[PDB]
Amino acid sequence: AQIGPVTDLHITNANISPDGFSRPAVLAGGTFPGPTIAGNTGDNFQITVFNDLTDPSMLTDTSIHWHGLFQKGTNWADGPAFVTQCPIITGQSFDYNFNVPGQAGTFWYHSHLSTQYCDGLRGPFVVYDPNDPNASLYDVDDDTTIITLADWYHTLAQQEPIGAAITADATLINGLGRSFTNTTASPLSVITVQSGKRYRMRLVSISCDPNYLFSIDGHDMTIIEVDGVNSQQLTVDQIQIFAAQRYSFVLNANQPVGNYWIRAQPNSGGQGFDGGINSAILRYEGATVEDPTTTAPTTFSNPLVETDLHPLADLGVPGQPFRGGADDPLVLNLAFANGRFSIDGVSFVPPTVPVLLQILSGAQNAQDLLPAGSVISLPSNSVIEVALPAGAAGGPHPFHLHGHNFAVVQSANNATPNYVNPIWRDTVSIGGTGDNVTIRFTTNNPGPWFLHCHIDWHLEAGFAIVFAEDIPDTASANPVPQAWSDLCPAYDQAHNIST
């Protein structure tokens, strides 16, 4: 069952074996992935998060981010530790109480403390639209049509060297999959469809690192949503999905009744499908209960290319149709050396006082804010352009901005910008050497918004900056509840920190 929009959510430790290997984890709702949190557009969500964690090897503190939800007027509820809150300590709870005006689509939630979400705290978050403009394109859209793609590690996250190339041990599709080494024939996930029906498959990358080449043997996929943004219909036979991205696609159950492989090939870790790694099963009602015998093609003839996507609505692009054609045009210098990432020469290390609390205490320019050199102020009611030229080791890096979606004016592997009708999204691959992926948005949401690579190991190694958007209006725009004001005293007391 789905839970929400008003619900408790318990965060616990437990042993799980999603690939046949047992390890302890950090779980929401007792499962991996966590339960789907759902509601309708414009609803009030009140997710009362109970931190019941006791195993220090995966951290006993926590904080949860609602990925892709703008949090306008509720920056305090966004979740990134030491940006918008101090962590929730064990034995305490915290009500994330916010609204989702003007958004409908496929989202997710995850820990936003250190690398904790890799240890299991990740789940889907769906905001349905009772008047969805895409409703007539499918018959079925429910918890059974959500498809999660996850990397899974046998080593606990707090034992992964910082700045290292860290590699997974299994791909999990809907929480199940087989290990790349010492492979055992553990259960594969089954997605069941009825011949002749059309399904809104909600594809969610809950990855900590790899991107996946996703396909379904014998089927194609008609994209209708990208990171919460409705798209024109685009039919593809493969989707390369980077960490934290989402797509909705229509699956037409129009092939013979039978069993078909669902494939998710990561860019690192196990290659291919030997022993049923990187796999799940599409089963038609009435098919024999047996593994598929289908083949992938050698090459995919209609892969997704990001510049082929266009919004369903006339969203346009803010600003002027040339590089630098914005009120506040930025170019970030994105680098890696010696185990640490940097942005504009500064490696991110979380501050002791959350950025939002520094601003509410009266710090009002970005040079007064800690960490020094990690906070960039943005002016209010202005067009922002951010160029993100690639080249730093460990790519391709999927960059994500909190508080906002953005027009993708220039995509990976294509030097041509689009100032007319690019897709809007919230997490974008910045590509390869010599690329100049560029985003634009307008500043109508006061508060400190994280910008970072969504490969969680990279964030931990410093690949982040904070956009302090409209510092002067942050306090009036974001009134804070007493329970939020209580978090930093409680946290600092528990950890013997003075501030």
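All residue numbers refer to positions in the sequence shown, first residue = 1. For the two forms, the rigid core is made up of the largest set of C-alpha atoms that agree within 1.5 Å on superposition.
Participant: Hey, after superposing on the core, which one moves around more in 8 other deposited structures of this protein, 163-171 or 263-271, CA-wise?
Facilitator: This comes out as 163-171, the stretch further from the shown form in 8 other deposited structures of this protein.
Participant: What stretch shows more C-alpha movement in 8 other deposited structures of this protein relative to this form, 153-161 or 369-377, after the core is superposed?
Facilitator: It is 153-161 that deviates more in 8 other deposited structures of this protein.
Participant: Looking at the entry, does 160-168 or 237-245 show the higher mean C-alpha B-factor?
Facilitator: Taking the mean C-alpha B-factor of 160-168 and of 237-245, the larger value falls to 160-168.
Participant: Decide which of the stretches 351-359 and 280-288 has the higher mean C-alpha B-factor, going by the entry.
Facilitator: Comparing 280-288 with 351-359, the higher mean C-alpha B-factor belongs to 280-288.
Participant: Going by the entry, which of 258, 124, 396, 311 has the most elevated CA B factor?
Facilitator: Within the set 258, 124, 396, 311, 258 shows the top C-alpha B-factor.
Participant: I'd like to know which of 74, 103, 116, 333 has the highest C-alpha temperature factor in the PDB entry.
Facilitator: Checking the PDB record, the top C-alpha B-factor among 74, 103, 116, 333 is at 333.
Participant: Please rank the C-alpha B-factors of the chain's modelled residues and tell me whether residue 83 sits in the lowest, middle or highest third.
Facilitator: Lowest third - that is where residue 83 ends up once the chain's C-alpha B-factors are sorted.
Participant: Give the position of residue 444 by CA B-factor within its chain, expressed as the lowest, middle or highest third.
Facilitator: Top third by C-alpha B-factor.
Participant: Grab the CA temperature factor for residue 404 from the record and place it in the lowest, middle or highest third of its chain.
Facilitator: Lowest third - that is where residue 404 ends up once the chain's C-alpha B-factors are sorted.
Participant: Which third of the chain does residue 323 land in by C-alpha B-factor: lowest, middle or highest?
Facilitator: According to the entry, residue 323 has a C-alpha B-factor in the chain's middle third.
Participant: By the recorded C-alpha temperature factor, relative to the other modelled residues in its chain, which third is residue 30 in?
Facilitator: Its C-alpha B-factor belongs to the highest third of this chain's values.
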